[PDB]
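Participant:
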Amino acid sequence: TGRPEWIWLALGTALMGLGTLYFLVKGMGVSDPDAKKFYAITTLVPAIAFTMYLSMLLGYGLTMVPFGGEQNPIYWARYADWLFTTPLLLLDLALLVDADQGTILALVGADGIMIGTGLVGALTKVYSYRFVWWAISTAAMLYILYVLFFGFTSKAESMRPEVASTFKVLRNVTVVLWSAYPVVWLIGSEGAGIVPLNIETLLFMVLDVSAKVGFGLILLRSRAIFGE
Amino acid sequence: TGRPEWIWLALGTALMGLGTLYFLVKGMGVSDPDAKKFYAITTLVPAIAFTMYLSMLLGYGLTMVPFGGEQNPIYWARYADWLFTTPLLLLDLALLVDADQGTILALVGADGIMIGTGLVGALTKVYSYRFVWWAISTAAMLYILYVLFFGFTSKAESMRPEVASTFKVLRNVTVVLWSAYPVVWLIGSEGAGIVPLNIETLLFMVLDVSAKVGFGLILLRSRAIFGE
Amino acid sequence: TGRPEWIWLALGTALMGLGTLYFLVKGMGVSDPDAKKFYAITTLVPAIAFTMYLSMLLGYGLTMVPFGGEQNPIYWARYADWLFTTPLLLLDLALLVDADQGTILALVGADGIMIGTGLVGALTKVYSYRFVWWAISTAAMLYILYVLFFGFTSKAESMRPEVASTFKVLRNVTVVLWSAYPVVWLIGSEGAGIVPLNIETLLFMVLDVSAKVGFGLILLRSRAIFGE
Ligand SMILES: *C\C=C(C)/C=C/C=C(C)/C=C/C1=C(C)CCCC1(C)C
Ligand SMILES: *C\C=C(C)/C=C/C=C(C)/C=C/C1=C(C)CCCC1(C)C
Ligand SMILES: *C\C=C(C)/C=C/C=C(C)/C=C/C1=C(C)CCCC1(C)C
Numbered sequence: 014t015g016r017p018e019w020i021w022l023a024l025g026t027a028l029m030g031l032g033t034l035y036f037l038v039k040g041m042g043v044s045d046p047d048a049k050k051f052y053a054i055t056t057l058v059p060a061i062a063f064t065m066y067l068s069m070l071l072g073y074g075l076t077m078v079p080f081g082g083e084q085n086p087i088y089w090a091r092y093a094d095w096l097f098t099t100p101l102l103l104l105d106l107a108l109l110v111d112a113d114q115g116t117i118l119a120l121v122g123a124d125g126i127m128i129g130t131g132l133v134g135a136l137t138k139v140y141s142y143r144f145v146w147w148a149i150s151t152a153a154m155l156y157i158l159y160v161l162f163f164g165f166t167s168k169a170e171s172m173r174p175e176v177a178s179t180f181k182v183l184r185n186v187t188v189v190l191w192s193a194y195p196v197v198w199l200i201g202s203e204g205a206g207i208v209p210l211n212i213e214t215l216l217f218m219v220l221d222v223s224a225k226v227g228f229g230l231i232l233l234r235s236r237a238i239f240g241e
Numbered sequence: 014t015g016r017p018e019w020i021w022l023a024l025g026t027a028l029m030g031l032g033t034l035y036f037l038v039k040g041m042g043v044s045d046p047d048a049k050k051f052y053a054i055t056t057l058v059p060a061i062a063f064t065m066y067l068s069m070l071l072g073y074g075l076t077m078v079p080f081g082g083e084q085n086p087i088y089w090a091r092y093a094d095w096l097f098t099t100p101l102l103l104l105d106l107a108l109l110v111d112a113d114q115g116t117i118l119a120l121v122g123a124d125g126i127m128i129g130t131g132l133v134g135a136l137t138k139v140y141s142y143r144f145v146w147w148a149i150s151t152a153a154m155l156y157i158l159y160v161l162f163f164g165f166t167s168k169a170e171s172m173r174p175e176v177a178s179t180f181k182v183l184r185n186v187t188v189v190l191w192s193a194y195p196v197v198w199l200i201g202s203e204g205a206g207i208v209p210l211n212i213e214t215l216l217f218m219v220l221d222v223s224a225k226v227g228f229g230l231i232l233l234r235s236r237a238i239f240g241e
Numbered sequence: 014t015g016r017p018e019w020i021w022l023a024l025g026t027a028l029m030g031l032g033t034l035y036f037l038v039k040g041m042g043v044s045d046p047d048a049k050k051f052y053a054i055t056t057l058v059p060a061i062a063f064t065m066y067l068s069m070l071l072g073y074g075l076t077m078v079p080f081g082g083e084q085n086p087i088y089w090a091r092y093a094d095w096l097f098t099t100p101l102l103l104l105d106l107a108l109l110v111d112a113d114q115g116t117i118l119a120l121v122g123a124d125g126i127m128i129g130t131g132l133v134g135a136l137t138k139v140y141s142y143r144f145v146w147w148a149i150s151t152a153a154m155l156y157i158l159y160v161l162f163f164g165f166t167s168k169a170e171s172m173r174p175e176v177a178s179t180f181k182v183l184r185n186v187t188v189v190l191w192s193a194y195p196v197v198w199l200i201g202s203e204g205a206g207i208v209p210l211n212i213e214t215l216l217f218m219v220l221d222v223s224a225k226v227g228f229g230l231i232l233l234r235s236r237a238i239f240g241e
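So the protein sequences, as listed, match chains A, B and C.
Following the working numbering, the numbering of the first sequence begins with 14 at its first residue and continues without gaps.
Following the working numbering, the numbering of the second sequence begins with 14 at its first residue and continues without gaps.
Following the working numbering, the numbering of the third sequence begins with 14 at its first residue and continues without gaps.
(1) Please check if any C-beta of chain C sits within less than 8 Å of the C-beta of B:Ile87.
(2) Looking only at its chain, what residues have a beta carbon closer than 8 Å to the beta carbon of B:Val133, apart from the 5 residues adjacent to it on each side?
(3) Taking the alpha-carbon positions, what's the B:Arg236 to B:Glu175 distance?
(4) I'd like to know whether the C-beta atoms of C:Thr33 and C:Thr56 end up nearer to each other than 8 Å.
(5) Should B:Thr99 and A:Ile126 be called a contact, given that it needs their Cβ atoms to be closer than 8 Å?
(6) Starting from the beta carbon of C:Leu118, find every residue of chain F whose beta carbon is closer than 8 Å, and list them in chain order.
(7) Could you give the distance in angstroms between the alpha-carbon of B:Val43 and the alpha-carbon of B:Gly25?
(8) Check whether the Cβ atoms of A:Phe162 and A:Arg184 sit closer than 8 Å, and answer yes or no.
(9) Quick one: give me the first and last residue of the beta strand (DSSP E) that C:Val208 is part of.
(10) Any chance the CB of C:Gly131 is under 7 Å from a heavy atom of ligand 3?
(11) Which runs of the alpha helix (DSSP H) spanning at least 4 residues fall entirely within the segment 137-218 of chain A, listed in chain order?
(12) Indicate the three-state DSSP secondary structure (helix, strand or coil) for A:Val133 in the structure shown.
(13) Does the beta carbon of residue 11 of chain C sit closer than 8 Å to a beta carbon anywhere in chain B?
(14) How many angstroms separate the CA atom of A:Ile212 from the CA atom of A:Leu190?
(15) Anything in the segment 23-50 of chain B with a Cβ closer than 7 Å to a Cβ of chain A? List those residues in chain order, please.
(16) For the candidate residues A:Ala205, A:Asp111, A:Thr187, whose alpha-carbon lies nearest to that of A:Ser141?
(17) Chain A partners of C:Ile128, CB-CB under 9 Å?
(18) Quick check on C:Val58: does DSSP put it in helix, strand or coil?
(19) Hey, would you say C:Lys39 sits closer than 8 Å to B:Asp113, going by beta carbons?
(20) Please list the terminal residues of the continuous alpha helix (DSSP H) segment that includes A:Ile87.
(21) Measure from the C-beta of B:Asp221 to each C-beta in chain C and report whether the shortest distance is under 8 Å.
(22) Buried or exposed for C:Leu31, please, with buried defined as at least 16 other CB atoms from any protein chain shown within 10 angstroms of its CB.
(23) For A:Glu83, does the count of other Cβ atoms within 10 angstroms reach 16, so buried, or fall short, so exposed?
(24) Is A:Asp105 a contact residue of ligand 1, with contact defined as CB to any heavy atom under 7 Å?
(25) Identify each residue in the segment 150-172 of chain A for which the Cβ-Cβ distance to at least one residue of chain B is less than 7 Å, and report them in chain order.
(26) Could you check which residue in C:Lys225, C:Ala60, C:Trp89 has the C-alpha nearest to that of B:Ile149?
(27) For A:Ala224, verify whether its CB is less than 7 Å away from any heavy atom of ligand 1.
(28) Figure out for me which residue from B:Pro17, B:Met29, B:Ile20, B:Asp47 has the closest Cα to the Cα of B:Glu241.
Below you can see the structure in the form of structure tokens.
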């Protein structure tokens with residue numbers, strides 16, 4: 014329920030907090046118009062996650078969901094966090110490659126669908142339906158990753174080499190991390206219940222910090238953010 | 014309640030699904046910057062409606078509301094769908110006529126008001142208050158339609174003839190379809206109860222498919238989306 | 014609960030309504046691209062507040078929250094109103110000073126955090142935690158005000174004198190009004206309970222009208238909105 018995994022919630026909260034502070038301070042030594050944006054976007058991600066992880070720790074971002082004839086504790090704040098941060102991660106990749114607005118809306122819309130349906134499946138009472146949503150959500154994610162490889166990478170190459178290369182790595186990071194989420198939900202308590210809520214929370218905290226601080230450390234330590 | 018109108022919910026879900034797939038495939042043969050946007054926007058509308066109609070079918074996008082001394086089943090997901098799609102429909106008309114940002118915000122804000130207040134009235138427990146919201150919502154809609162005729166049409170004429178003409182028809186379609194919604198809510202169970210929830214659901218499914226697939230078919234089969 | 018402060022709710026609703034109508038009519042005599050935006054943005058703020066104050070009056074935007082071993086009535090619609098209007102107020106200041114997009118996102122993100130966490134603390138059941146949220150929210154507000162003085166004012170001076178001066182006053186107004194909110198929440202029933210819900214509602218209605226109509230009257234009666 015809400016006791017065993019508090020340590021992961023607390024570690025997550027601390028890591029997001031420290032991460033947000035490191036980016037704030039680091040962003041002071043910046044005045045380049047375009048550099049700001051990457052900093053503004055990359056510092057906001059963990060600021061939000063910080064409040065979301067804190068809300069789960071204190072017990073506000075949690076709710077019980079009845080299914081499989083049981084009362085399962087669902088951390089809805091985990092999805093609320095994802096609803097606002099993933100589209101911002103997509104934006105960094107978008108600015109990085111100079112993506113057209115038409116492409117930006119497509120990704121954001123698919124991203125909102127991905128999270129929105131994942132949340133619906135998290136809260137769904139009927140067992141089998143739960144996986145229908147996990148399937149729709151998963152498709153949106155592949156759609157997103159399909160664009161990042163067949164509508165982004167091809168363009169980054171048409172840009173400065175430092176940008177194409179940084180983007181290439183950030184894209185690669187994204188494929189690995191994002192794809193890891195649906196797998197965790199499927200083996201966890203929200204889905205198949207092959208692993209307890211305790212290890213499910215830990216796994217997502219590891220993934221969230223990696224994507225919300227780790228990914229930030231890579232992008233923000235790159236010259237790909239300045240126009241030279 | 015949630016049994017009689019399932020056929021309309023299922024037909025709606027299927028029609029939105031097939032519609033989304035047709036636009037995805039059709040959008041592959043497109044690379045024009047501005048063409049993308051119309052495709053990105055027009056394909057996302059039914060993608061979302063699809064998930065919303067599926068959520069109503071499975072019973073997740075439904076809730077019971079007490080009023081008139083009765084327990085009335087309210088499909089809140091129907092409004093959730095509208096909250097995200099109507100502003101996107103407005104965007105197609107906006108891009109189509111090259112509308113200024115000031116005008117775009119006005120329409121979107123009024124649109125969010127229109128749906129937001131319609132939802133409040135859908136969920137309202139006190140009978141008479143329900144119609145106060147229907148009235149505020151309806152005013153926002155006329156405001157929107159007033160701009161599409163006295164702040165849009167006049168400009169489309171100052172653009173390419175194919176655009177002005179396509180916009181003219183799309184505007185005309187919008188007046189007829191949008192205005193049809195408040196009328197349906199008033200005679201339906203959510204409002205006057207002059208017609209059962211069964212026919213209310215059917216009527217809105219017909220309208221939603223028309224606006225989410227039909228309207229798309231018209232816009233996307235037009236040269237008004239390319240810059241020549 | 015929901016009876017004593019209805020007069021403030023009704024006065025608030027009326028003032029926001031009349032305010033919205035005054036701006037609509039006033040905005041008709043405007044065609045300047047940039048003038049529209051200030052009008053579009055400044056007229057939408059009270060349009061929304063109007064619906065929010067009306068929802069509190071009728072009793073829809075209210076909910077009871079258990080804490081301190083008591084059932085406290087929380088006007089969640091007050092925060093819902095703030096969630097959409099404050100970012101729009103920030104936009105007026107942003108357009109006014111020609112702020113970069115990177116700076117705009119930072120402010121909006123911090124603003125959404127400020128309100129989001131204030132709402133969490135409003136709804137929080139555990140007494141001490143409530144103030145943790147008030148503290149996080151308050152920090153975001155100072156962050157916002159810190160940017161309006163060390164990332165905005167310095168630029169407005171690099172613009173036309175009428176803009177710099179109007180912005181200077183609008184900034185000054187913002188510092189005074191915004192800072193007044195957290196103080197009210199702390200002494201009110203949602204926080205310390207040093208003053209009844211009756212006076213808490215009155216105080217916020219006074220502040221809301223000032224920021225949603227008052228501030229509008231100042232900005233819209235200024236030439237700082239036209240490009241000359
Ligand atoms: C906070 C940062 C990131 C990158 C979060 C990413 C989350 C996902 C990619 C989540 C995906 C899901 C899928 C595809 C289907 C099951 C439900 C999830 C919401 C966990
Ligand atoms: C999904 C596509 C469209 C075009 C949906 C449009 C919906 C409306 C115009 C709804 C309007 C309403 C009004 C004006 C007042 C009563 C409540 C409604 C939300 C049904
Ligand atoms: C409607 C217009 C305005 C300017 C509203 C402003 C509201 C605030 C600045 C609210 C701030 C809060 C803080 C900083 C912390 C306690 C909770 C509040 C949400 C009241």
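The C-beta atom is built at its ideal place from N, Cα and C for all residues, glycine as well.
Facilitator: The short version:
(1) Taking Cβ atoms only, chain C never reaches closer than 8 Å to B:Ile87, which makes this a no.
(2) Excluding positions up to five away in sequence, the list reads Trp146.
(3) Spanning the alpha carbons of B:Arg236 and B:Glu175 requires a straight line of approximately 7 Å.
(4) In this structure, C:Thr56 lies closer than 8 Å to C:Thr33 by Cβ.
(5) No, the pair does not count as a contact, with Cβ atoms beyond the cut-off.
(6) The structure shown contains no chain F; its protein chains are A, B and C.
(7) Using only the alpha carbons, I get a separation of about 28 Å.
(8) Cβ atoms of A:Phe162 and A:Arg184: closer than 8 Å.
(9) DSSP places C:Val208 outside any beta strand (DSSP E), giving it a letter other than H or E.
(10) Within the cutoff, so yes.
(11) Fully enclosed alpha helix (DSSP H) runs of 4 or longer: 140-163, 166-169, 174-200.
(12) DSSP places A:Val133 in helix when its eight states are reduced to three.
(13) Residue 11 of chain C falls outside the range modelled here, since chain C spans only 14 to 241, and no answer is possible.
(14) Cα to Cα, the separation comes out at about 17 Å.
(15) Correct list: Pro46, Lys49, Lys50.
(16) Residue A:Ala205 is the option with its Cα nearest to A:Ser141.
(17) Per Cβ cutoff of 9 Å: no residues; C:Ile128 is ~11 Å from chain A at best.
(18) Here C:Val58 sits in helix by DSSP.
(19) Between C:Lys39 and B:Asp113, the gap from beta carbon to beta carbon reaches 8 Å or more.
(20) Segment 83-87 is the beta strand (DSSP E) holding A:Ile87; no alpha helix (DSSP H) there.
(21) Taking Cβ atoms only, chain C never reaches closer than 8 Å to B:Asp221, which makes this a no.
(22) So C:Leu31 counts as exposed.
(23) With fewer than 16 other Cβ atoms within 10 Å, it is exposed.
(24) False, no ligand heavy atom lies under 7 Å from that Cβ.
(25) Look at the segment 150-172 of chain A: it has no residue with a C-beta under 7 Å from a C-beta of chain B.
(26) That would be C:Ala60, whose Cα lies nearest to the Cα of B:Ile149.
(27) Yes, the Cβ of A:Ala224 comes within 7 Å of a heavy atom of ligand 1.
(28) Selected option, being the one with the closest Cα: B:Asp47.
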